[PDB]
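Undergrad: dropping in the first section of the assembly, placed as in the complex:
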Amino acid sequence: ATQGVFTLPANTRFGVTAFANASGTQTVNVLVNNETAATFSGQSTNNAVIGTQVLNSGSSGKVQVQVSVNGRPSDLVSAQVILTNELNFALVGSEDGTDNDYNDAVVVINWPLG
Amino acid sequence: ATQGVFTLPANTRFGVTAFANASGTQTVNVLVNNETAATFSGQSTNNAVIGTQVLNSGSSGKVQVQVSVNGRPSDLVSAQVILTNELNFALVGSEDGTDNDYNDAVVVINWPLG
């Protein structure tokens, strides 16, 4: 099943934050309406924030997260959770190797802001 | 129902990260085994990452999040999600006022690390 793709309300600002837990350098791309809107890279085995940004979901609301390590696409897991019918999380884990911890890059998207 | 209380794996490192989306200055307290282990604070209406820290869940694994604004406790919502039976997120929203956006302080706990 496709993972790392989310439909947000149109024209809405959202936060995106990435963490690293891996020997490999993680590259996280965030695409809005199929175009790159943010890119974070970094290396940590201690959950360091490797980037945070606020983006607008645009006319389509389509947001996609991709993760790669030295060009090799990571396998992704994802889901969206909504609390009290108001607060949205779109969550992504990724695996760059064999241990299947799926934390090598972790991406959190949250909305609404403000 | 009680919110913002999570049972983590014992003796295990986790990340805790807080975001602010409010006019009021937020204070987030993270308790491990009923003792304050981290405090974050800030003021942003644009998702500032007011704190992020790696903690150990200790012998009992009990982790609790509390949020206050100028000394008044905020109302909390929370849940835990698990992806691919391995990757864990404990999620907290909080409301300091009347609009019920529940994003005034947002806290994400993630494990495992490394």
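TA: Perfect, thanks for sending it. Residues are numbered from 1 along each chain as shown, chains lettered A, B, ... in the order given.

Undergrad: run a quick neighbour tally on residue A:30.
TA: 23 (other CB atoms under 10 Å in any protein chain shown). The C-beta positions use only the backbone N, C-alpha and C, and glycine is treated the same way.

Undergrad: just list the residues touching it, thanks.
TA: For residue A:30, the contact set (CB atoms under 8 Å, 6 or more residues apart in numbering or on different chains) comprises A:16, A:36-39, A:53, A:55, A:63-65, A:107.

Undergrad: including neighbour count and distance to chain B, could those go into a markdown table?
TA: Output for the contacts of residue A:30, formatted as a markdown table (neighbours: other CB atoms under 10 Å in any protein chain shown; distance: CB to the nearest CB, whole Å):
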| residue | neighbour count | distance to chain B |
| --- | --- | --- |
| A:16 | 25 | 9 |
| A:36 | 11 | 20 |
| A:37 | 17 | 15 |
| A:38 | 17 | 13 |
| A:39 | 14 | 18 |
| A:53 | 15 | 9 |
| A:55 | 19 | 10 |
| A:63 | 23 | 15 |
| A:64 | 20 | 17 |
| A:65 | 25 | 13 |
| A:107 | 25 | 11 |
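
Undergrad: and which of the residues you listed is nearest to residue A:27?
TA: If you rank these by distance to residue A:27 using CB to CB, residue A:39 comes first, at 6.9 Å.

Undergrad: check the contact between the closest one and residue A:31; I expect there is one.
TA: No. Using CB atoms under 8 Å, residue A:39 makes no contact with residue A:31, being 9.8 Å away.

Undergrad: now do the contacts for residue A:112.
TA: Counting by CB under 8 Å, 6+ apart, residue A:112 touches A:12-14, A:86, A:88, B:21, B:101, B:103.

Undergrad: and if we set it to 7 Å?
TA: Neighbour list for residue A:112: A:12, B:101, B:103 [criterion: CB atoms under 7 Å, 6 or more residues apart in numbering or on different chains].

Undergrad: and the last one, how many residues sit next to it?
TA: It stands for residue B:103. When neighbours are counted by other CB under 10 Å, residue B:103 registers 26.

Undergrad: likewise for the first one?
TA: For residue A:12, the number of neighbouring residues by other CB under 10 Å comes to 15.

Undergrad: how about it, nearest residue that isn't a chain neighbour?
TA: Leaving out its chain neighbours, the residue that sits closest to residue A:12 by CB to CB, 6 or more residues apart in numbering or on different chains is residue A:57, at 4.8 Å.

Undergrad: here's chain C, drop it onto the model above:
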Amino acid sequence: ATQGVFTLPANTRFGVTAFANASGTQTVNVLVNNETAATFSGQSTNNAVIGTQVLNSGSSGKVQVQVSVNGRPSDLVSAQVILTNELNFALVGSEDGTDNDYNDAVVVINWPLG
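TA: Just below you will find chain C, in place on the chains above:
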């Protein structure tokens, strides 16, 4: 925070199913646009399905679950989960007593159908 309230896409069919795990008879009311659209009741300590039905979310998409036992509303917990950006679950637990297992009536709403 309010619990058991969900915004579905407008005019969309959804499933609603309730289970019982308690000594007392559970009455589950499902409201669409703030009117009772279905009512289920039954008693089980073994997760019996006490009702299942297909409903339409109507013009507003507003769906609410309420649970009553022994003449009093139960305390509710809830969340919505979306898998692969397609499959939606709106989940409700409820507590009628003192043990805080929150399973006394469990309600599952799922969409889309077909």
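
Undergrad: what about the contacts of residue A:112 again, now that chain C is present?
TA: Listed by CB under 7 Å, 6+ apart, the contact partners of residue A:112 are A:12, B:101, B:103.

Undergrad: so what's the residue lying farthest from the centre of chain A up against?
TA: Using CA atoms, centre = their mean, the residue of chain A lying farthest from its centre is residue A:84. It sits 22.5 Å away. Residue A:84 is in contact with B:77, B:93, B:102, C:1-3, counting by CB under 7 Å, 6+ apart.

Undergrad: how about residue A:80?
TA: Taking CB under 7 Å, 6+ apart, one finds A:6, A:88-90, C:82 in contact with residue A:80.

Undergrad: hmm, 8 Å instead?
TA: Contacts of residue A:80 (CB under 8 Å, 6+ apart): A:6, A:88-91, C:81-82, C:85.

Undergrad: what about residue A:94, neighbour count?
TA: What residue A:94 shows, counting by other CB under 10 Å, is a neighbour count of 30.

Undergrad: same deal with the one 10 residues further on?
TA: Residue A:104 sits with 24 neighbouring residues when counted by other CB under 10 Å.

Undergrad: surely it and residue A:92 touch.
TA: No. Using CB under 8 Å, residue A:104 is not in contact with residue A:92; the gap is 11.0 Å.

Undergrad: now for the two: what residues contact both?
TA: Counting by CB under 8 Å, 6+ apart, the common neighbours of residue A:104 and residue A:92 are residue A:67.

Undergrad: for residue A:77, list each beta-bridge partner.
TA: When bridges are called by DSSP bridges, residue A:77 pairs up with residue A:93.

Undergrad: buried subset of the contacts of residue A:84?
TA: Applying 16 or more other CB atoms under 10 Å in any protein chain shown to the contacts of residue A:84, the neighbour count classes B:77, B:93, B:102, C:1, C:3 as buried.

Undergrad: got the contact list for the first one?
TA: Residue B:77 makes contacts with A:83-84, A:87, B:3, B:92-95, B:102, C:1, as judged by CB under 8 Å, 6+ apart.

Undergrad: looking at those residues, which one is closest to residue B:27?
TA: Nearest to residue B:27 out of the contacts of residue B:77 is residue B:94 (CB to CB; 10.5 Å).

Undergrad: any idea how far that closest one lies from residue A:107?
TA: 22 Å (CB to CB, to the nearest Å).

Undergrad: now residue A:63
TA: From residue A:63 to residue A:107 the distance is 10 Å (CB to CB).

Undergrad: append chain D to the structure above:
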Amino acid sequence: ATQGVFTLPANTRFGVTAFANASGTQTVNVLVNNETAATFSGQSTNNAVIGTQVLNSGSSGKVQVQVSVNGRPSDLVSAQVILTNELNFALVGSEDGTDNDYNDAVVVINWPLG
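TA: Putting chain D together with the chains above:
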């Protein structure tokens, strides 16, 4: 990533419930410790409960859901969500074709019971 595999607490009763939304007849097999413990089959495009049963997670706590149509395995998605640190839902969707609604068989596992 692997989907449809959950680790439950050992020796614990849980509910498993399957729904169908597809032209193809769905077959759902629920494995406990790698042996089939329940099986449900049926065709519906209206969310029929093609089966619901109480099982015991046994010594291993390993529960796996498989879905097929006339022997052809469906693609699975899944996640687990925990409410108020107490109430567990393990969720499965499945896709037997090309439209990616992932609702062709939907399986919900809930615990604890009683």
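
Undergrad: once more on the contacts of residue A:84, with chain D this time?
TA: B:77, B:93, B:100, B:102, C:1-3, C:5, C:78.

Undergrad: tell me which of the residues you listed is nearest to residue B:45?
TA: Once CB to CB is applied, the member of these that ends up nearest residue B:45 is residue B:102, at 14.6 Å.

Undergrad: excluding its backbone neighbours, what's nearest the closest one?
TA: Ranked by CB to CB, 6+ apart and with sequence neighbours excluded, the top spatial neighbour of residue B:102 is residue B:93, at 3.8 Å.

Undergrad: do I have it right that the one you found meets residue B:100?
TA: No. Judged on CB under 8 Å, residue B:93 makes no contact with residue B:100 at a distance of 10.1 Å.

Undergrad: list residues touching both of the two?
TA: A:84, A:86, C:1.

Undergrad: redo those as TSV? Include secondary structure.
TA: What follows is those, written out as TSV (DSSP: H, G, I helix; E, B strand; the rest coil):
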residue	secondary structure
A:84	coil
A:86	coil
C:1	coil
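
Undergrad: buried sites along the strand ranked longest in chain A?
TA: The strand that spans the most residues within chain A, counting by DSSP state E, is strand A:35-56. Under the neighbour-count criterion of 16+ other CB under 10 Å, strand A:35-56 has A:37-38, A:40-42, A:44, A:47, A:49-52, A:55 buried.

Undergrad: over to stretch A:87-106?
TA: Neighbour counts over stretch A:87-106 (16+ other CB under 10 Å) mark A:87-96, A:100-106 as buried.

Undergrad: now do the same contact list for the closest residue in space to residue A:51 that isn't next to it in sequence.
TA: Among residues not flanking residue A:51 along the chain, residue A:40 sits closest, at 2.7 Å (CB to CB, 6+ apart). By CB under 8 Å, 6+ apart, residue A:40 lies in contact with A:18, A:26-28, A:50-51, A:53.

Undergrad: which of the residues you listed sit farthest apart?
TA: Pairwise distances among the contacts of residue A:40 were taken by CB to CB; the largest, 15.4 Å, belongs to A:26 and A:53.

Undergrad: okay, and the beta partners of the residue nearest the centre of chain A?
TA: Nearest to the geometric centre of chain A sits residue A:107, at 3.6 Å (CA atoms, centre = their mean). Using DSSP bridges, the bridge partners assigned to residue A:107 are residue A:18, residue A:92.
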